Amino acid sequence: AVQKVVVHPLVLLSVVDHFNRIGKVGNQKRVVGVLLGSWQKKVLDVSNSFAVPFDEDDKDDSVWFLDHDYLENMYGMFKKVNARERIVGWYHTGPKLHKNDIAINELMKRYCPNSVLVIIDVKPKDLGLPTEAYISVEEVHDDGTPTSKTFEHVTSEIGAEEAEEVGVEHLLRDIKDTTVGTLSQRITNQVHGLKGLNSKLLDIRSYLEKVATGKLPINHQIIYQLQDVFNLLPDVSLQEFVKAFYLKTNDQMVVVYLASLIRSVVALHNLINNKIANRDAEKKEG
Amino acid sequence: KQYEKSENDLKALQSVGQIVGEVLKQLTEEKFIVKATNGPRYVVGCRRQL
Amino acid sequence: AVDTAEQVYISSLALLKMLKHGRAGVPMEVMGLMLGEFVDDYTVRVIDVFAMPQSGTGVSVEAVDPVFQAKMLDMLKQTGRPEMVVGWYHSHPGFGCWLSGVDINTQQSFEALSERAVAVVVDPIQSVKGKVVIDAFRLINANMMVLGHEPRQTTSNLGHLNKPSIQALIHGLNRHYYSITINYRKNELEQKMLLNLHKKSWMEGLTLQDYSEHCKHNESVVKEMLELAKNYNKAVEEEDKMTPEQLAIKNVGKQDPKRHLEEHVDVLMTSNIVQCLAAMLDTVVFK
Amino acid sequence: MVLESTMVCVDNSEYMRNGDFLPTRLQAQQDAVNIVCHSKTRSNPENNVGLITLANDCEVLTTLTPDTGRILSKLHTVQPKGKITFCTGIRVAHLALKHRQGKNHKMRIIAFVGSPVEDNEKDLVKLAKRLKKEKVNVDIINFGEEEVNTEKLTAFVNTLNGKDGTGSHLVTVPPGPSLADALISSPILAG
Amino acid sequence: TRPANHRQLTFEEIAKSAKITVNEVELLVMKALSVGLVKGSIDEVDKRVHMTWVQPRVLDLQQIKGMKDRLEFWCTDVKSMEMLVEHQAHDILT
Amino acid sequence: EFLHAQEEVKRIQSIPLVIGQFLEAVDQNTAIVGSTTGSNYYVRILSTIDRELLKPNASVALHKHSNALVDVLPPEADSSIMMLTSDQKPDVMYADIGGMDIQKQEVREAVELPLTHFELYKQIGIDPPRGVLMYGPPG
Amino acid sequence: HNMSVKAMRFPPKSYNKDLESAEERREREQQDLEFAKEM
Ligand SMILES: Nc1ncnc2c1ncn2[C@@H]1O[C@H](COP(=O)(O)OP(=O)(O)OP(=O)(O)O)[C@@H](O)[C@H]1O
Ligand SMILES: [Zn+2]
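Which chain is which? The protein sequence lines are Z, E, c, b, a, D and V, in order.
Using the authors' numbering, read the first sequence as starting at 5 and increasing by one per residue.
Using the authors' numbering, read the second sequence as starting at 38 and increasing by one per residue.
Using the authors' numbering, read the third sequence as starting at 24 and increasing by one per residue.
Using the authors' numbering, read the fourth sequence as starting at 1 and increasing by one per residue.
Using the authors' numbering, read the fifth sequence as starting at 283 and increasing by one per residue.
Using the authors' numbering, read the sixth sequence as starting at 71 and increasing by one per residue.
Using the authors' numbering, read the seventh sequence as starting at 487 and increasing by one per residue.
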């Protein structure tokens, strides 16, 4: 249904500054607010947002309130200043999936059909992209409850924009691993990539924590993919993999050989262009 | 009402010209190229809604 | 008095609101207000920008709706946190920056409340990375212009550092308004969470890139690269000839083998080595 | 005038489903809400009146607004049907009053119970001493029918006006479908 | 049950393990490929079939031991092959 | 550090772009152009322009004020665009023209025969005609 | 190729001054700029 989401740096900071402006509460407050934007060509977009006044008590943590008058007036001001901009869903600050974040979506689903939530990060650290979005799916199914509803994570990324990149690259001024050559991919995905595979190997190990000791439901819907992985582990080295592999390596290194074969001659020509700049300058000038 | 009709010209005298031009071709989605009824040819953009 | 060292601290967010609101409705001079704490006589640190919707068709800074900034003012007072009105802005769109005669009047309406309201121009076209063209100004009194008295009584070597743009200097620049050297406030809280999140691939370097057409493309450069090497077997042959400054002017109609040649060696290099290494880590990582 | 904000907690439970008092319970307690919100409105223009419930799904049917047209529009064919859950009625009455425009207001709540309650008195004395720790005066007015000599409510109001609270009351329900205006003519006269 | 080393059975082995004749096991496995529980090719002249995909079944807390162990030394092959990347690719980018 | 400056310079090629036409250069990277305003100028140029993209008679881009080279352009003409080929054929068959056996075959030789069969003119080398004139009484 | 690089860079010499634009013509640019700015 929904392919993926588009998140901007403007909404990205536009949550964090609100976490700063309610950061004086000290004890506990989650930044929940209203997520604005479009979705076009089956691609979710997030352009604007604001935050709603919200409080919560730990005793009886099934009670939430959104001042929907404040939702009406300010979004009326936002449709007014920008008729193109509209609602796209909501968000909460999302450390660890708080429990009112099952009906916050069912509370305000009367505005957006796919009333999407976004989990953000307040203390930014990972080896990946700490931006999360779920989606609401419900099920009269299998065996958990006759009324069952659990969010499912749609893939999430930071959408860029030509307007905002002036501010992005303007406000970086720190470091930027450009000069995309033979080593950009080496570090963005060959150094960072295998350590990308590290945590994905680690998460199935975190599920493996229930061999006899973990939570009481066992598998049901985990083990078809698990059997599928070790079923679909790739082909071993006995056939033409090493052959045709040696064939195609044995063809790629031809092109490498030609490129290195030119490059030396080019730089040699350049040195001759220097010795003309030396020998007929030493006698001329002195 | 006499102050309101003369209040219509209190702000109504503020529209600016919109020089009569002509579309030569279109380079990219926002890069356009035109020439008016005046002289030379220009490279121009539009509004994002139009 | 002032010392012309006025050092405006703004934000990290207000720049983004100014570029977005200045960019979406860009051919009209869009405007709005500035919402930050007024610190001491010299500096001002304005943390937030909220925009105002326009009035009608027309490039103007027409009017404020104190209904709208009244309810807007108490809106965040009863949701977020209270702040303070200080300044205001508009948008000379693709101009640079100055105070027009229209801009100076609505400025003059805003200095009457507090004497240190702020005139702010954004120019969201001529700005790329290191360019923003902001330069917040404020009115100087034309009374003292009749006095012939030089204002602002420089006591710090902080004012006369930037040199003024001439398109502003055409305008009231040195007779009706002054510039302020500014900067921004950023922290590690923001830097990492935008640096680690903008251009990040996922598993792309761990792919093969069209394994029947990587090598096919590897011919699809070599084939014309041969004849480009025949131009390279051509252009050296008119040396020990007319001086190479003539070989600098003379080669602006027809292509060189020299630069075009070293281009494709880089291209065929980086195209091959990445697929070659990426093809071989998977043989160990996968079984 | 004086700083408060009225948050009426209507009873949309499945035991609020007869035509016993005059017209209907819905119009009876509805117009009761209308005249007491005209009382709170004309006594102080700052007070806004919204309605929350204490049902299985404690919906904000109307947002806390000084307008009553949303209240009158939603209360028509409102279907006040559902399983009563009073144990979340305290928190759903309270956390809205912390969501409000001013914590400087007097936290005043009227509560309508017209159904048999299945709460624990230990749970509402935990929530009652919680409201002692939150300094909240709630005046509970009983409607409909109930377990007569309202059970767990005298201990809740007693454990509400305790520790120098001493200002709250418990209007208990008469089990006669009379005209309900004189049933609430005492809270509109004195507190 | 057969590992991913071979998983190549023969029609004599079906004729033993299912005691059904030579001229009906092919009609059995064409029906099996039509249904789609198993995915493998059929050779007629070498009397062997190259079965590749099996329908996934369920399992107790004992198969997770073997899947855990085949996972465990598969971690350190990623550690080991990555270690040359960190060591040799150290000076390309610090 | 340098790559900060490298892409930085291209702000001048923003959007308020006026059009000239390249004429020649005095030297490397400083030139003379012919504006669409009618006057000609001695201008400077952006360094990233491939200079070997220049001069059929090059449609170039000028800064509106500082009046220097900005960008090289794909060609443009505002005449009959290109005879749009869909609703543009004047649906006239060769058979519609009766009695022009010599001249229809002769112009076929002159126009589209060297267009296709170019290497006979090249190979024998009989100098295929540049332009062709046709006249006579009207109708 | 590396040796055709390492043997190459001895030439780089007599690179005396990277003069930006000028001084007196900059004074004329701010002078005529001051004329157009007053104008
Ligand atoms: N086979 C034909 N040979 C000569 N003329 C013909 C033929 N068929 C029709 N005509 C008529 O002769 C006219 C020639 O058309 P055309 O417009 O080409 O004339 P023309 O030679 O261009 O003279 P003008 O320049 O005055 O138009 C047509 O209008 C048509 O009616
Ligand atoms: Zn302006």
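Backbone N, C-alpha and C define an ideal beta-carbon position, used for all residues, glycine too.
| Asked | Found |
| --- | --- |
| Closer than 7 Å: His115 (chain c) CB and nearest ligand 2 heavy atom | yes |
| Residue from c:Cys238, c:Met226, c:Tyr201, c:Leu291 whose Cα sits closest to the Cα of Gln30 (chain c) | c:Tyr201 |
| Closer than 6 Å to ligand 1: residues, by C-beta to nearest heavy atom, in chain order | D:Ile167, D:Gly168, D:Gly169, D:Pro208, D:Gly209 |
| Nearest neighbour of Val15 (chain Z), chosen from Z:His96, Z:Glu60, Z:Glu213 [CA to CA] | Z:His96 |
| Residue environment, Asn241 (chain c), which counts as buried when at least 16 other CB atoms sit within 10 Å | buried |
| Chain E residues whose Cβ lies nearer than 8 Å to that of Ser83 (chain c) | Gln51 |
| Residue from a:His332, a:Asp359, a:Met349 with nearest C-alpha to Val215 (chain Z) | a:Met349 |
| Pair within 8 Å by beta-carbon distance, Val170 (chain Z) and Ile139 (chain Z) | no |
| Strand pairing of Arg108 (chain b), partner residues [DSSP] | b:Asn137 |
| Cβ of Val360 (chain a) within 8 Å of any chain c Cβ | yes |
| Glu52 (chain c) CB to nearest heavy atom of ligand 2 below 7 Å | yes |
| Residues within the region 41-70 of chain E neighbouring chain D, beta-carbon criterion of under 7 Å | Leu61, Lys62, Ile70 |
| Per-residue contacts from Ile193 (chain c) into chain V (C-beta, under 8 Å) | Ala522, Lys523, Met525 |
| For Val60 (chain E) and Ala147 (chain D), the rounded distance between their alpha carbons | 11 Å |
| Residues near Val117 (chain b) by beta carbon distance below 6 Å, same chain, minus five either side | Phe86 |
| Chain b contact residues for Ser66 (chain Z), given Cβ-Cβ distances below 7 Å | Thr88 |
| Cut-off 8 Å between Cβ atoms - residues of its own chain near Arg91 (chain b), not counting five sequence neighbours on either side | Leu127 |
| Nearest-angstrom Cβ-Cβ length linking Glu89 (chain Z) and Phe82 (chain Z), presumed shorter than 8 Å | 6 Å |
| With 16 other Cβ atoms within 10 Å as the buried cut-off, status of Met1 (chain b) | exposed |
| For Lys62 (chain E): DSSP bridge partner residues | E:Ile70 |
| Collapsed DSSP secondary structure at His287 (chain c) in the structure displayed | helix |
| Cβ-based burial, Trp225 (chain c) [other Cβ within 10 Å; buried from 16] | exposed |
| Reduced DSSP category for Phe133 (chain c) - H, G, I as helix; E, B as strand; rest coil | coil |
| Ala522 (chain V) - DSSP class collapsed to helix/strand/coil | helix |
| Pairwise C-alpha distance: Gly89 (chain b) and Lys84 (chain Z) | 37 Å |
| Assigned secondary structure, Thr334 (chain a) (DSSP; H/G/I helix, E/B strand, else coil) | strand |
| Short-range partners of chain E found in the region 97-128 of chain D, where Cβ spacing is below 9 Å | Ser105, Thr106, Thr107, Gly108 |
| Which of helix, strand or coil DSSP assigns to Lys192 (chain D) | helix |
| CB contact below 8 Å: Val60 (chain b) versus chain Z | yes |
| Any chain Z beta carbon closer than 8 Å to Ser507 (chain V) | no |
| Within chain a, the residues that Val308 (chain c) reaches when beta carbons sit closer than 7 Å | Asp359, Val360, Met363 |
| Cβ pair count under 8 Å reaching 3, the region 52-68 of chain c against the region 96-111 of chain c | yes |
| Top-ranked residue by Cα proximity to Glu286 (chain c), from c:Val275, c:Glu247, c:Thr306, c:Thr266 | c:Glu247 |
| Sequence-distant residues of its chain with Cβ nearer than 8 Å to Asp141 (chain D) (five each side left out) | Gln83, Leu87, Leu116, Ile119, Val130, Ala131 |
| Residue burial classification, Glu52 (chain c) (beta-carbon count within 10 angstroms, cutoff 16) | buried |
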